[PDB]
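Peer 1: below is the sequence, then the experimental coordinates.
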Amino acid sequence: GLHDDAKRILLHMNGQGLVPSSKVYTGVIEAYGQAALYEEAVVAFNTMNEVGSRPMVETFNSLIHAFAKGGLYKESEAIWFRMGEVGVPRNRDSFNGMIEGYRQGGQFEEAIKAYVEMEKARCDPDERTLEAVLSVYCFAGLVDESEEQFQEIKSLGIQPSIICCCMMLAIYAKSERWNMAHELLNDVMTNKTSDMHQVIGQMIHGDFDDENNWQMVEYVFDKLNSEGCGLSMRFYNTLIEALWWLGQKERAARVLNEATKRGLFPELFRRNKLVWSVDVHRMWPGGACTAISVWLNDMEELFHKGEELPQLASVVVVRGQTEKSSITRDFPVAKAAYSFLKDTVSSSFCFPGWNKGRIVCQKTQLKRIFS
Amino acid sequence: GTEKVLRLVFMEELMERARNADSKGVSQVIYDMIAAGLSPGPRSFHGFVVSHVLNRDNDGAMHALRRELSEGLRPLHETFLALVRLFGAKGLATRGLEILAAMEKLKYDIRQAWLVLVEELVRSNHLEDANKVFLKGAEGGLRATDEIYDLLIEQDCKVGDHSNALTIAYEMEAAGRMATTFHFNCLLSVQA
Amino acid sequence: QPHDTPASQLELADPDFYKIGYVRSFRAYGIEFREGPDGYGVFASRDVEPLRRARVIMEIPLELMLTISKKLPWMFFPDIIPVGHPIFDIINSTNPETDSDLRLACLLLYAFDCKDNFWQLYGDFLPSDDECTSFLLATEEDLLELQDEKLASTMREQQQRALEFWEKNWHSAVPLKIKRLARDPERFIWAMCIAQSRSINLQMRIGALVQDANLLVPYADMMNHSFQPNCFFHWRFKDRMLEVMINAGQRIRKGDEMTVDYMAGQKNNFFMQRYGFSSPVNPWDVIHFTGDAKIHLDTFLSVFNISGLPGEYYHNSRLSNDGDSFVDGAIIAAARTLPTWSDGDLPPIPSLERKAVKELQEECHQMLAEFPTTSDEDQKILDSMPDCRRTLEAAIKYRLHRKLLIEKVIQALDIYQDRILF
């Protein structure tokens, strides 16, 4: 996920003289597709298309994932339409990235249509595809409907990973089912799954946090670097989602500290003389609320130390071409961000008139709630 | 209302950082302003281009040009003029014709840019490519100033090139300006 | 239904105006002369598509116009002054550098008193002493009303010089040949006004002699003025005929007003001094600023789409046409007269230009309040008088155009200060 080192390598290669190959730009568009650097990946792909090389399917399935990390569905539709005319087939990971991008965004209807298209094209849906199909019914109010895919996962293979178990637990906790979900919680803690899947579950239950007890989960936190930022950020996001909604807030939103010390959650907060904001464009509603609370207390703790307030404090919730639209409020994260900023704090944070894709507060207005 | 009020402070410090030839500051200001919801404009990218131009950075300038063009926004005339001047100062004549063609496809005028290109190629001790660019631009119906007509002839006669000097003199007399004693005198020097 | 064209508002001229010339070797191709309240004008009667070369619309022979050389040996190529006539002593006793309208006026007065001459029949179509817009035939009231001290002083000096020349040359002991030319001192003033408001300087060639002369050509003085002309004068030496040819590439439709350029590249003051004409879209009129604030030039030209070298500024429509309808000759003249600074490719700072624009605006406001009147008052005065003197109309239009230029500069500065931050 390194991006500055990628730029240094590209500069040294250009200084050498050798023209970068297909895989060079294919890795560059993935290094500039995990740090919210969406425009650099676009310009690198343009340079790839304007240097004398033909993009393969690997470049396309990397670009769909890089554009699905944020949630720009229009860019995904555009690149999917261009892949049809460029002359390449649509493999499994392409549909996987499309549905992953549609998940954090709106348009929940297109997911089942894309899956039935996979079935028509004999896409041979894999485990990630079935996980995505199960998550299709996750963000929506279809708690009891999201159980046939769980049974399919339990039958065709081993029990689903923790990123699905904790997700279903948070789904059950979102509805009016608190105590009936404790047995399903003990299920994942008293089963025959992997070794690390057993210690995960006791980190939320009980106290388990001190100078030595919370040091045990440090090994589990550092061992998951083998995924390569693919499912590690997904795992942390799902953990925060299942931890903050029903549990202790001080216990849930503390993993972000070690995550930022690790280097897997970049651009979560912007601090400068002119601007002071928070980017949650690649975060789920619960995680977005956790980051909002973290940024709020981090700004209020800097309020009494005598520091100049920013001219505009923004909350980057949704980006992309869709930003200038009235269809914005339909994003799942958006409804939750608006509710959390309306019920927790006063009515000082509102949508901008120039761009309806974030939440901003004026300088004088921020001072009033702070006091 | 407040849109221009905040754009003022967004652009003021950007230009102030671009004045002292600092590219990282302009880049971080661009990132901050695009994170604030406002799409970047051509005036803002002008500073990011001139930051690399002042630090003799050609690859960074090309990257900034591609960045500005990718968002479907046509660059301004001053940015293209600075790019042409930088490519002419470095002697990269072949990389200036593509910029001139890009200006032409954007319905601009490529007269002053072509003059700046030939002048910077002459001043950078690049005479052959300067004469080539001048002859390529003159055939398309683009006339030049008298000062360039005099400078090209003087330099080509001081170096010892008679063919290009005579061709430029013929093109000058065809454009409308007749030759004076100075011109003939230069040509005679090479002839004697 | 009749087609709505700028030429349809006027009526067709008298057919004798063209009949008195058609009997000579005069031709007019694709043109129609039309008279209105302001005067005659030349319009088009055929759609001229973009041509590769020029097309001739007038052929005016040499034997129909007057000509006096600009050098010391005064050679009148149309020989109408016989040797021994005492008018050559009046033409010759003049300074060969400062006064050239006196000789043309004397030649016109003599041509008005010579039989079988074209100007005895053409003089019926020249403007009289009441429909002429020249400031020589003006009063002290109108000159004081101009609100310009230097122009009024120059016009008074010129009137004095004309009167002194008439008093020194047309004395009592003069023979009758000269006395019958200009009996009253107003005739000579009118002759000078016609010779000054209708003269054309052109290098003509006859036989083997190539010289530059001042010639009063008929049927070509009717061409109006426009800073974006459509035609130009050309001399044909094989037949000794002057031509008015449309520019190559310009598209002319039916009803368009054929115009040429009078004194290309001059200030709006010399126009009022010579032709008694004022235009608010003059791209060369100068506005003097005493302040030290300096605006940026390249950004100012880029925001208004004024692309071109400092010698030739044009508005590039294909960059922005509908968006920039403000871009006229006024903004071009402003960009030429505004105090500008440029140091390489250094980008401008918004604070410096925002502090300079307010200084420029307050300077414009303090220089505009110097006039006793305002813009709306003069706008109401100009149409409050339906039929007034032509000199007063020209003066009030001059004042209105100056004020409108100042207002246009102020509005352009406002657009620049509010559009520099996209």
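Peer 2: Yep, that arrived. Numbering: from 1, shown residues only, chains lettered A, B, ... in the order given.

Peer 1: show me what from chain B comes close to chain C.
Peer 2: B:4, B:7-8, B:11-12, B:15-16, B:18-19, B:41-44, B:46-47, B:50, B:53-54, B:76-78, B:81-82, B:85, B:107-109, B:111-112, B:145 (Cβ under 8 Å from any Cβ of the partner chain). Using the backbone N, CA and C atoms, a C-beta is placed for each residue, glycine as well.

Peer 1: take the residues you listed and keep only those in strands.
Peer 2: Members of those lying in strands (criterion: DSSP state E): none.

Peer 1: in helices, which of these fall?
Peer 2: B:4, B:7-8, B:11-12, B:15-16, B:18-19, B:42-44, B:46-47, B:50, B:53-54, B:77-78, B:81-82, B:85, B:111-112 (DSSP state H).

Peer 1: buried ones among those residues?
Peer 2: Listed as buried from those are B:7, B:11-12, B:15-16, B:18-19, B:42-44, B:46-47, B:50, B:53-54, B:77-78, B:81-82, B:85, B:111-112; burial here means 16 or more other Cβ atoms under 10 Å in any protein chain shown.

Peer 1: quick check: residues of chain A near chain B?
Peer 2: Residues of chain A lying near chain B (Cβ under 8 Å from any Cβ): A:11, A:14, A:39, A:42-43, A:46-47, A:270, A:272, A:274-275, A:277, A:279, A:311-312, A:314, A:316, A:323, A:352-355, A:357-358, A:360, A:362.

Peer 1: ok, of the residues you listed, which come out buried?
Peer 2: Judged by 16+ other Cβ under 10 Å, buried ones among the residues of chain A next to chain B: A:39, A:42-43, A:47, A:270, A:274-275, A:277, A:279, A:311-312, A:314, A:316, A:323, A:352, A:354-355, A:357-358, A:360, A:362.

Peer 1: distance check, residue C:187 against chain A.
Peer 2: Here the criterion is Cβ to the nearest Cβ, to the nearest Å. By it, residue C:187 lies 72 Å from chain A.

Peer 1: and for residue C:153?
Peer 2: 57 Å.

Peer 1: tell me the SS of the residue of chain B found nearest chain A?
Peer 2: Closest approach between chain B and chain A, counting by Cβ to the nearest Cβ: residue B:37, at 3.2 Å. What DSSP: H, G, I helix; E, B strand; the rest coil gives for residue B:37 is coil.

Peer 1: with residue A:77 as the reference, measure out to the residue lying closest to it once chain neighbours are set aside.
Peer 2: Residue nearest to residue B:37 in three dimensions, not counting chain neighbours: residue A:355, with 3.2 Å by Cβ to Cβ, 6 or more residues apart in numbering or on different chains. Residue A:355 sits 21 Å away from residue A:77 when distances are taken as Cβ to Cβ, to the nearest Å.

Peer 1: could you do residue C:217 as well?
Peer 2: Distance from residue C:217 to residue A:77, by Cβ to Cβ: 71 Å.

Peer 1: identify the residues contacting residue 65.
Peer 2: Assuming you mean chain A. A:30, A:33, A:93, A:97, A:100 (Cβ atoms under 8 Å, 6 or more residues apart in numbering or on different chains).

Peer 1: that's the wrong chain, I wanted chain C
Peer 2: With Cβ under 8 Å, 6+ apart, residue C:65 has these contacts: C:78, C:215-218, C:242.

Peer 1: look up phi and psi at the closest residue to residue A:244 other than its chain neighbours.
Peer 2: Nearest residue to residue A:244, sequence neighbours excluded (Cβ to Cβ, 6+ apart): residue A:252, at 3.8 Å. Residue A:252 has phi and psi values of phi -80, psi -50 when expressed as degrees, to the nearest 10.
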